[PDB]
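Convention: sequence-line order gives letters A, B, ...; per-chain numbering from 1.
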2 protein chains.
Amino acid sequence: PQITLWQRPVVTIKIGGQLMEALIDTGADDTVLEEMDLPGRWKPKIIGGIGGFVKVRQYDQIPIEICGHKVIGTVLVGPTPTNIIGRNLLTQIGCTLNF
Amino acid sequence: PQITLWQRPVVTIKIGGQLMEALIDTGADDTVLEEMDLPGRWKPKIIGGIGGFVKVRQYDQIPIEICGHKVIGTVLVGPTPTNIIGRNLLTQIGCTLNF
Ligand SMILES: CC(C)(C)NC(=O)[C@@H]1CN(Cc2cccnc2)CCN1C[C@@H](O)C[C@@H](Cc1ccccc1)C(=O)N[C@H]1c2ccccc2C[C@H]1O
């Protein structure tokens, strides 16, 4: 589709059988999701945003369905207000930026 | 142009006659530039992101230029490693996400 930027570009993704909202973030390199206990072994990473550095749990080779498109990648899980999907999963669905 | 997300989306902008580089960030409501002086007056503003809140300086009506298109808008200034082009200015140049 052709999504405009007058509002926050939110889409629906599917993580382990649960449907949730997420933000298309081209400034985020990675995908940071909310608090959930995902199946698998995690390892800590400390990422840094606009208001500080956060301690997230890194999960590898996790299956995500972004709008019916089953893709795969790394998802960091930590204390974030909104689910955010970054450039790592976006390239997988072919998402571009036009103007 | 069409821009993909394999490498981070950086464009060459002109603010104050000097050429800078900035990140087209659709996950950012506002536009935040690196600490500098802009030839307008400013008021304080508290924005929030990953980690927490931070205090920035809100300058209004600054004449920026993103890839040929000359825009005028609200630009924030604060502590950041990268210049960020938020949705307020992106809607002004017609940016859209396509997939
Ligand atoms: C992977 C990770 C998430 C840690 N990366 C970032 O947060 C980057 C960091 N860089 C580089 C960087 C900058 C400073 C320190 N470390 C790294 C600058 C840009 N942020 C990208 C932003 O797009 C992230 C969003 C996330 C968000 C959106 C809505 C709700 C909460 C959080 C962001 O912070 N946007 C906020 C935002 C941003 C600008 C202006 C106003 C606002 C309000 C909101 O839109």
Check each atom of [X] against the heavy atoms of chain A and say whether the ones under 4.5 Å are side chain, backbone, both or neither.
X       : value
B:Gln7  : backbone
B:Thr91 : both
B:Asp29 : side chain

message: Counting C-beta onward and ignoring hydrogens, is there a side-chain heavy-atom pair between B:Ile3 and A:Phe99 closer than 4.5 Å?
response: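 Yes - at least one pair of side-chain heavy atoms lies under 4.5 Å apart.
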- request: With the side chain counted from C-beta on, respond yes when A:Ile50 and B:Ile50 share a heavy-atom pair under 4.5 Å apart, and no when they do not.
  value: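 Side chain of A:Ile50 against side chain of B:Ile50, heavy atoms only: no contact under 4.5 Å found.
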Region of [X] that comes under 4.5 Å of a non-hydrogen atom in chain B:
X       : answer
A:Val10 : neither
A:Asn98 : both
A:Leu23 : side chain

- prompt: Counting only N and O atoms by type, is there a donor-acceptor contact under 3.5 Å from the side chain of B:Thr26 to the main-chain atoms of A:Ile24?
  reply: yes
message: Would the distance check show the side chain of A:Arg87 and the main-chain N or O of B:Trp6 forming a donor-acceptor pair, the cut-off being under 3.5 Å?
response: yes
The single option from B:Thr96, B:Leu90, B:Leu97 passing side chain to side chain contact (heavy atoms under 4.5 Å, CB included) against A:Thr4: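 Considering B:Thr96, B:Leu90, B:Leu97, a side chain to side chain contact (heavy atoms under 4.5 Å, CB included) with A:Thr4 is found only for B:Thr96.
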- request: Answer yes or no: are there more than 12 heavy-atom neighbours, outside A:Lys55 itself, under 6.0 Å from its atom NZ?
  value: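 Check fails, neighbour count at 12 or below.
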- request: Hey, could you give me the CG/CG distance between B:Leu5 and A:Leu89, rounded to the nearest 0.5 Å?
  value: 11.5 Å
- prompt: Can you tell which of B:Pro9, B:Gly27, B:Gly94 has the highest number of heavy-atom pairs within less than 4.5 Å of chain A?
  reply: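 Counting heavy-atom pairs under 4.5 Å, the top option is B:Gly27.
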Closest-packed option against chain B by number of heavy-atom pairs under 4.5 Å, given A:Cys67, A:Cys95, A:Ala28: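 Winner by heavy-atom pair count: A:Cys95.
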Chain A contact residues among residues 30-45 of chain B, heavy-atom distance under 4.5 Å: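 The stretch does not come within 4.5 Å of chain A.
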